[PDB]
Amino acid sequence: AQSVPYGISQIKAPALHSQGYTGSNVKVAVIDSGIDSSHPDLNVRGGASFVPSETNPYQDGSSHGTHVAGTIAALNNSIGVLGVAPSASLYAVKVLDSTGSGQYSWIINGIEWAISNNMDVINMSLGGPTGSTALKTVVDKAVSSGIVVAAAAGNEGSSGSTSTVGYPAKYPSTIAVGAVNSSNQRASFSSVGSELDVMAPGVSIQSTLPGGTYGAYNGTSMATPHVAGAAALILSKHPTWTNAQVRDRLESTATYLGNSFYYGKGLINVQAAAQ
């Protein structure tokens, strides 16, 4: 039997599914540690690896890319879980190795691939404390080219009034995504600051793991794919909307949760966004 993880329902994805919108034909690049393309609850349409030691993007030694992929697009069937956008076209863009880390050159090469291959949405469930002008240039290029770029805000918690949002989420061109639990409470680890844009479910998120199994993780990396999947739902209903329009709807229609420094505009609501 299939289960619907709570976060899928919490962002109101099932309302879109009932309208007949499931992300069909929307191309979503998971820029991460690979995706296990053999998982029975995933359909990976293509991909590319930019990790020199791991030339197969369709294998994931970390688990993170596969987990994120399932939150975006786990198939609607008799098994496993259900993604936000279960008909979306998934692409495995491997820029992190089996340890879950990668060089900025590798990440940049993955983003360039996504641009060249006309992706609609990029999910970057990754981040770090240091900027790079090369990274900002390619992220901004992706956005200018029309791609929705969702990025994990980071898991650095709070530190008084200091922003703890990491890169590339800190850049204005990305949607920086923080984490709430099933009660819409901010997770203590969720990064904060002026750059934080929206929240999504990021605590005890059940998804696909390599080898055909499932399990729960915590992090803003689990929140991010809810937003990437939501963007794919919106584009499946509104195929002419630009990335800027999709982003403005996701942010503006969010359920306000409190102080924007901690919550941004609040919890995404894809039903309201896609109206």
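Each residue number is its position in the shown sequence, starting from 1.
Q: 52 to 60 versus 24 to 32: which one carries the higher mean Cα B factor per the record?
A: Going by the record's values, the stretch with the higher mean is 52 to 60.
Q: Using only C-alpha atoms and the B-factors in the entry, which stretch averages higher, 136 to 144 or 95 to 103?
A: That would be 95 to 103.
Q: Can you tell me which of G215, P225, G65, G212 has the maximum CA B-factor listed in the PDB entry?
A: The C-alpha B-factor peaks, among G215, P225, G65, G212, at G212.
Q: Sort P201, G193, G80, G83 by C-alpha B-factor from the entry and give me just the highest.
A: The C-alpha B-factor peaks, among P201, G193, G80, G83, at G193.
Q: Sorting the chain's modelled residues by C-alpha B-factor, tell me whether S9 ends up in the lowest, middle or highest third.
A: Middle third by C-alpha B-factor.
Q: Where does the C-alpha B-factor of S182 rank in its chain, lowest, middle or highest third?
A: Answer is highest: the recorded C-alpha B-factor places it there.
Q: Using only modelled residues of the chain, where does the Cα B factor of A1 rank: lowest third, middle third or highest third?
A: For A1, the deposited C-alpha B-factor lands in the highest third.
Q: Pull the Cα B-factor of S188 out of the PDB entry and bin it into the chain's lowest, middle or highest third.
A: Lowest third of the chain for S188's C-alpha B-factor.
Q: State the tercile, meaning the lowest, middle or highest third, of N155 with respect to the CA B-factors recorded for its chain.
A: As the PDB entry reports it, the C-alpha B-factor of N155 lands in the middle third of its chain.
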